[PDB]
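Quick reminder, even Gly has a Cβ in these numbers, built from the backbone with ideal geometry, and neighbours come from all protein chains shown. Bear in mind these aren't lab numbers, they're just calculated from the coordinates by the rules spelled out.
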4 protein chains.
Amino acid sequence: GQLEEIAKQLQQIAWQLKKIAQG
Amino acid sequence: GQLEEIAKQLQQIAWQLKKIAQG
Amino acid sequence: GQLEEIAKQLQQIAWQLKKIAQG
Amino acid sequence: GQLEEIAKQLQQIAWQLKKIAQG
């Protein structure tokens with residue numbers, strides 16, 4: 001369960017990084 | 001470009017973590 | 001500021017993954 | 001072993017994000 005939650009958190013961070021890159 | 005590549009790398013790690021969790 | 005915060009989060013996740021691996 | 005390696009990668013990514021933020 002913690003591994004899956006971390007994976008979700010990494011997916012979310014990835015989205016944030018893509019928004020940062022585009023801005 | 002580095003931000004987007006890191007995002008890809010995080011997405012890949014997330015997949016790896018989900019496989020690790022399931023195993 | 002966002003990047004520095006993300007970096008902090010990734011470092012904490014790494015710490016947690018190591019603890020998970022240690023048992 | 002995989003988890004420890006992922007942790008290492010996330011730590012390097014964090015280092016790089018901080019450098020990107022520093023200019």
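Hey, rough spin-label estimate for B:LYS8 and D:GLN12, points 7 angstrom out along Cα→Cβ, what's it come to in nanometres?
Label at B:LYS8, label at D:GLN12, 1.6 nm between them.
For B:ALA21, place a label point 7 Å from Cα along the Cα-to-Cβ direction in every copy; what are the distances to the other copies, in nm, shortest first?
In nanometres, ordered from closest: 1.9, 2.4, 2.6.
Excluding residues on the same chain fewer than 8 positions from A:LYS8, give the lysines whose Cα lies under 24 Å from its Cα.
Cross-link targets: A:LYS18, A:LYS19, B:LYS8, B:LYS18, B:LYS19, C:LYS8, C:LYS18, C:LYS19, D:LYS8, D:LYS18.
For the rotation that brings chain A onto chain B, whose beta-carbon in chain A is nearest the axis, and what is that distance in whole angstrom?
A:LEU10, 2
For chain A and chain D, write down the distance between their C-alpha centroids in whole Å.
Between the Cα centres of chain A and chain D lies a distance of 14 Å.
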